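S.K.: Contents of input_10.txt (compact mmCIF, N, CA and C atoms) are given next:
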```txt
# COMPACT_ATOMS: atom_id res chain seq x y z
N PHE A 1 -23.63 -1.17 15.00
CA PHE A 1 -24.76 -0.42 14.43
C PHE A 1 -24.48 1.09 14.42
N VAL A 2 -25.16 1.82 13.54
CA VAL A 2 -25.17 3.28 13.56
C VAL A 2 -26.32 3.69 14.48
N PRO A 3 -26.10 4.50 15.52
CA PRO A 3 -27.16 4.91 16.43
C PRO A 3 -28.00 6.04 15.80
N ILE A 4 -28.56 5.79 14.62
CA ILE A 4 -29.20 6.78 13.75
C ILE A 4 -30.09 7.76 14.49
N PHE A 5 -31.05 7.22 15.22
CA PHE A 5 -31.84 7.95 16.20
C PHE A 5 -31.82 7.12 17.48
N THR A 6 -30.65 6.53 17.76
CA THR A 6 -30.45 5.53 18.80
C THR A 6 -30.97 4.19 18.28
N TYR A 7 -30.06 3.27 17.95
CA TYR A 7 -30.41 2.01 17.30
C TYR A 7 -31.51 1.26 18.04
N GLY A 8 -31.46 1.27 19.37
CA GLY A 8 -32.48 0.69 20.23
C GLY A 8 -33.90 1.10 19.80
N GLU A 9 -34.10 2.37 19.44
CA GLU A 9 -35.40 2.86 19.01
C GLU A 9 -35.79 2.23 17.67
N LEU A 10 -34.86 2.17 16.72
CA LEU A 10 -35.10 1.52 15.44
C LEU A 10 -35.47 0.06 15.67
N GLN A 11 -34.69 -0.64 16.50
CA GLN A 11 -34.95 -2.04 16.82
C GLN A 11 -36.33 -2.17 17.45
N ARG A 12 -36.68 -1.31 18.41
CA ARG A 12 -38.00 -1.31 19.01
C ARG A 12 -39.07 -1.16 17.92
N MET A 13 -38.94 -0.16 17.05
CA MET A 13 -39.88 0.07 15.96
C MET A 13 -40.03 -1.19 15.12
N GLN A 14 -38.91 -1.73 14.62
CA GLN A 14 -38.87 -2.99 13.88
C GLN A 14 -39.64 -4.08 14.63
N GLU A 15 -39.30 -4.28 15.90
CA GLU A 15 -39.89 -5.30 16.74
C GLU A 15 -41.40 -5.11 16.84
N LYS A 16 -41.86 -3.87 17.01
CA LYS A 16 -43.28 -3.57 17.06
C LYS A 16 -43.95 -3.82 15.71
N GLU A 17 -43.32 -3.43 14.60
CA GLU A 17 -43.84 -3.74 13.27
C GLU A 17 -43.99 -5.25 13.11
N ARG A 18 -42.97 -6.02 13.51
CA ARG A 18 -43.06 -7.48 13.52
C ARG A 18 -44.20 -7.95 14.43
N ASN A 19 -44.32 -7.40 15.64
CA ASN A 19 -45.38 -7.74 16.58
C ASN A 19 -46.75 -7.57 15.93
N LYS A 20 -46.96 -6.47 15.20
CA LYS A 20 -48.20 -6.24 14.48
C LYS A 20 -48.35 -7.25 13.33
N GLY A 21 -47.30 -7.41 12.52
CA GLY A 21 -47.34 -8.21 11.31
C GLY A 21 -47.59 -9.70 11.60
N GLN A 22 -46.82 -10.27 12.52
CA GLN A 22 -46.91 -11.68 12.87
C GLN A 22 -48.14 -11.93 13.74
```
What would you get if you wrote out this structure as structure tokens?

M.R.:
Amino acid sequence: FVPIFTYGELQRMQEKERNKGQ
């Protein structure tokens, strides 16, 4: 992965968006 703003943070954001969506 590219650590764009630290990949972990992007993954967290994604995961939270999924948490809201699902």

S.K.: To one decimal place in Å, what is the distance between atom CA of residue A:1 and atom CA of residue A:15?

M.R.: 16.1 Å

S.K.: Could you pull out the alpha helix (DSSP H) residues of chain A from DSSP and send them as a PyMOL selection string?

M.R.: chain A and resi 7-21

S.K.: How many Å lie between atom N of residue A:3 and atom C of residue A:21, rounded to one decimal?

M.R.: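 Spanning atom N of residue A:3 to atom C of residue A:21 is a straight-line distance of 26.1 Å.
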
S.K.: Mind rebuilding chain A with N, CA, C and O atoms and writing that out as a PDB file, keeping the file's coordinate frame?

M.R.:
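Written file, result-v8.pdb:
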```pdb
ATOM      1  N   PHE A   1     -23.630  -1.170  15.000  1.00  0.00           N
ATOM      2  CA  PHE A   1     -24.760  -0.420  14.430  1.00  0.00           C
ATOM      3  C   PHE A   1     -24.480   1.090  14.420  1.00  0.00           C
ATOM      4  O   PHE A   1     -23.692   1.576  15.223  1.00  0.00           O
ATOM      5  N   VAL A   2     -25.160   1.820  13.540  1.00  0.00           N
ATOM      6  CA  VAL A   2     -25.170   3.280  13.560  1.00  0.00           C
ATOM      7  C   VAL A   2     -26.320   3.690  14.480  1.00  0.00           C
ATOM      8  O   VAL A   2     -27.454   3.262  14.239  1.00  0.00           O
ATOM      9  N   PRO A   3     -26.100   4.500  15.520  1.00  0.00           N
ATOM     10  CA  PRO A   3     -27.160   4.910  16.430  1.00  0.00           C
ATOM     11  C   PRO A   3     -28.000   6.040  15.800  1.00  0.00           C
ATOM     12  O   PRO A   3     -28.151   7.102  16.399  1.00  0.00           O
ATOM     13  N   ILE A   4     -28.560   5.790  14.620  1.00  0.00           N
ATOM     14  CA  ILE A   4     -29.200   6.780  13.750  1.00  0.00           C
ATOM     15  C   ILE A   4     -30.090   7.760  14.490  1.00  0.00           C
ATOM     16  O   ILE A   4     -29.916   8.977  14.397  1.00  0.00           O
ATOM     17  N   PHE A   5     -31.050   7.220  15.220  1.00  0.00           N
ATOM     18  CA  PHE A   5     -31.840   7.950  16.200  1.00  0.00           C
ATOM     19  C   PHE A   5     -31.820   7.120  17.480  1.00  0.00           C
ATOM     20  O   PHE A   5     -32.815   7.028  18.197  1.00  0.00           O
ATOM     21  N   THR A   6     -30.650   6.530  17.760  1.00  0.00           N
ATOM     22  CA  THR A   6     -30.450   5.530  18.800  1.00  0.00           C
ATOM     23  C   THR A   6     -30.970   4.190  18.280  1.00  0.00           C
ATOM     24  O   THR A   6     -32.177   3.983  18.170  1.00  0.00           O
ATOM     25  N   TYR A   7     -30.060   3.270  17.950  1.00  0.00           N
ATOM     26  CA  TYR A   7     -30.410   2.010  17.300  1.00  0.00           C
ATOM     27  C   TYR A   7     -31.510   1.260  18.040  1.00  0.00           C
ATOM     28  O   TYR A   7     -32.406   0.698  17.418  1.00  0.00           O
ATOM     29  N   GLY A   8     -31.460   1.270  19.370  1.00  0.00           N
ATOM     30  CA  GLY A   8     -32.480   0.690  20.230  1.00  0.00           C
ATOM     31  C   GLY A   8     -33.900   1.100  19.800  1.00  0.00           C
ATOM     32  O   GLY A   8     -34.797   0.258  19.775  1.00  0.00           O
ATOM     33  N   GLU A   9     -34.100   2.370  19.440  1.00  0.00           N
ATOM     34  CA  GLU A   9     -35.400   2.860  19.010  1.00  0.00           C
ATOM     35  C   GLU A   9     -35.790   2.230  17.670  1.00  0.00           C
ATOM     36  O   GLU A   9     -36.931   1.798  17.504  1.00  0.00           O
ATOM     37  N   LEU A  10     -34.860   2.170  16.720  1.00  0.00           N
ATOM     38  CA  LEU A  10     -35.100   1.520  15.440  1.00  0.00           C
ATOM     39  C   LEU A  10     -35.470   0.060  15.670  1.00  0.00           C
ATOM     40  O   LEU A  10     -36.447  -0.434  15.115  1.00  0.00           O
ATOM     41  N   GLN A  11     -34.690  -0.640  16.500  1.00  0.00           N
ATOM     42  CA  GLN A  11     -34.950  -2.040  16.820  1.00  0.00           C
ATOM     43  C   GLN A  11     -36.330  -2.170  17.450  1.00  0.00           C
ATOM     44  O   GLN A  11     -37.101  -3.037  17.054  1.00  0.00           O
ATOM     45  N   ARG A  12     -36.680  -1.310  18.410  1.00  0.00           N
ATOM     46  CA  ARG A  12     -38.000  -1.310  19.010  1.00  0.00           C
ATOM     47  C   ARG A  12     -39.070  -1.160  17.920  1.00  0.00           C
ATOM     48  O   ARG A  12     -40.024  -1.939  17.884  1.00  0.00           O
ATOM     49  N   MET A  13     -38.940  -0.160  17.050  1.00  0.00           N
ATOM     50  CA  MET A  13     -39.880   0.070  15.960  1.00  0.00           C
ATOM     51  C   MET A  13     -40.030  -1.190  15.120  1.00  0.00           C
ATOM     52  O   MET A  13     -41.137  -1.694  14.941  1.00  0.00           O
ATOM     53  N   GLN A  14     -38.910  -1.730  14.620  1.00  0.00           N
ATOM     54  CA  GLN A  14     -38.870  -2.990  13.880  1.00  0.00           C
ATOM     55  C   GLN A  14     -39.640  -4.080  14.630  1.00  0.00           C
ATOM     56  O   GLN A  14     -40.510  -4.740  14.067  1.00  0.00           O
ATOM     57  N   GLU A  15     -39.300  -4.280  15.900  1.00  0.00           N
ATOM     58  CA  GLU A  15     -39.890  -5.300  16.740  1.00  0.00           C
ATOM     59  C   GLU A  15     -41.400  -5.110  16.840  1.00  0.00           C
ATOM     60  O   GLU A  15     -42.150  -6.073  16.746  1.00  0.00           O
ATOM     61  N   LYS A  16     -41.860  -3.870  17.010  1.00  0.00           N
ATOM     62  CA  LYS A  16     -43.280  -3.570  17.060  1.00  0.00           C
ATOM     63  C   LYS A  16     -43.950  -3.820  15.710  1.00  0.00           C
ATOM     64  O   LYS A  16     -45.033  -4.408  15.658  1.00  0.00           O
ATOM     65  N   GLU A  17     -43.320  -3.430  14.600  1.00  0.00           N
ATOM     66  CA  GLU A  17     -43.840  -3.740  13.270  1.00  0.00           C
ATOM     67  C   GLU A  17     -43.990  -5.250  13.110  1.00  0.00           C
ATOM     68  O   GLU A  17     -45.039  -5.729  12.685  1.00  0.00           O
ATOM     69  N   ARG A  18     -42.970  -6.020  13.510  1.00  0.00           N
ATOM     70  CA  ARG A  18     -43.060  -7.480  13.520  1.00  0.00           C
ATOM     71  C   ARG A  18     -44.200  -7.950  14.430  1.00  0.00           C
ATOM     72  O   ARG A  18     -44.965  -8.821  14.029  1.00  0.00           O
ATOM     73  N   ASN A  19     -44.320  -7.400  15.640  1.00  0.00           N
ATOM     74  CA  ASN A  19     -45.380  -7.740  16.580  1.00  0.00           C
ATOM     75  C   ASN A  19     -46.750  -7.570  15.930  1.00  0.00           C
ATOM     76  O   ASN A  19     -47.616  -8.415  16.118  1.00  0.00           O
ATOM     77  N   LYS A  20     -46.960  -6.470  15.200  1.00  0.00           N
ATOM     78  CA  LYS A  20     -48.200  -6.240  14.480  1.00  0.00           C
ATOM     79  C   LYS A  20     -48.350  -7.250  13.330  1.00  0.00           C
ATOM     80  O   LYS A  20     -49.413  -7.835  13.158  1.00  0.00           O
ATOM     81  N   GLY A  21     -47.300  -7.410  12.520  1.00  0.00           N
ATOM     82  CA  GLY A  21     -47.340  -8.210  11.310  1.00  0.00           C
ATOM     83  C   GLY A  21     -47.590  -9.700  11.600  1.00  0.00           C
ATOM     84  O   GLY A  21     -48.435 -10.319  10.964  1.00  0.00           O
ATOM     85  N   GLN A  22     -46.820 -10.270  12.520  1.00  0.00           N
ATOM     86  CA  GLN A  22     -46.910 -11.680  12.870  1.00  0.00           C
ATOM     87  C   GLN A  22     -48.140 -11.930  13.740  1.00  0.00           C
ATOM     88  O   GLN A  22     -48.253 -11.252  14.785  1.00  0.00           O
TER      89      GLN A  22
END
```
